[PDB]
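Q: Just need the structure, nothing else, for what follows:
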Amino acid sequence: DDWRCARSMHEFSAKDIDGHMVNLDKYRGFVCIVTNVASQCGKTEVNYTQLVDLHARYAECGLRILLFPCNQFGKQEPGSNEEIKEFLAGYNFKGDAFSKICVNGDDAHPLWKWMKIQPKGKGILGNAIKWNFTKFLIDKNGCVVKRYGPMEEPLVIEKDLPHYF
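A: Numbering: from 1, shown residues only. Shown next is the protein structure:
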């Protein structure tokens, strides 16, 4: 339960959607959008298409996309990691997908615990993730620099990206 003392996303690890453990220090030097996702959500179409767009236009500038499936909201991510991976392929997603996790509660993955208590990752009255497609912008040093709620479309993030490239 050391997660509170971390200073950077780069001190965490998580299994990708294929089951291999990934060390998030691989993202040092890159700007990262970290988001909890779901396949059967009214937000799903606009979030995936805009995130794929952003990653296409800004990958060379250093932008990376980290997707964490999460079934805690309306049971809107009920499939296996396998089916999520094919779902993402239908959007032509080229970023990094991770295995399904929890984002709220004591079982929440330690990275999401850490993001929620950061000075720029705290939420509107309470820090809990409120629904699918909350987005955290992470800088090249692995620090949370902004948090966007489920209603904020990914293109809203675009105006904040140049400052970190």
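Q: neighbouring contacts of the helix or strand hosting residue 89?
A: Using DSSP states H and E, residue 89 maps to helix 81-90. Residues outside helix 81-90 that contact it (CB atoms under 8 Å, 6 or more residues apart in numbering): 17-19, 39, 48, 67, 69, 77, 79, 97, 99-100. For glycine as for every other residue, the C-beta is placed from the backbone atoms N, C-alpha and C.
Q: what's the answer for stretch 150-165, then?
A: Residues outside stretch 150-165 that contact it (CB under 8 Å, 6+ apart): 31, 33, 43, 46-47, 50-51, 53-54, 58, 61-63, 130-135, 137, 139-140, 145-146, 148.
Q: among these, which ones are buried?
A: Buried members of those, scored by 16 or more other CB atoms under 10 Å, are 31, 33, 43, 47, 50-51, 54, 58, 63, 131-135, 137, 139, 145-146, 148.
Q: my guess is residue 32 is in a strand, correct?
A: Yes: remark: residue 32 belongs to a strand, assigned using DSSP: H, G, I helix; E, B strand; the rest coil.
Q: surely residue 118 meets residue 142?
A: No: the pair residue 118 and residue 142 fails to qualify as a contact (CB atoms under 8 Å) at a distance of 10.6 Å.
Q: quick one: which of the contacts of stretch 150-165 sit in strands?
A: Secondary structure from DSSP state E places 31, 33, 63, 135, 137, 145-146, 148 of the contacts of stretch 150-165 in strands.
Q: Now tabulate those in TSV and tack on distance to residue 24.
A: Below are the ones in strands among the contacts of stretch 150-165 laid out as TSV (distance: CB to CB, whole Å):
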residue	distance to residue 24
31	14
33	14
63	16
135	16
137	15
145	16
146	18
148	20
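Q: Can you name the residues that contact residue 103?
A: Shown in contact with residue 103 (CB under 8 Å, 6+ apart): 36, 68, 70, 72, 109, 112, 129, 134.
Q: Looking at those, which two lie furthest apart in space?
A: Using CB to CB, the pair of the contacts of residue 103 lying farthest apart is 109 and 134, separated by 13.6 Å.
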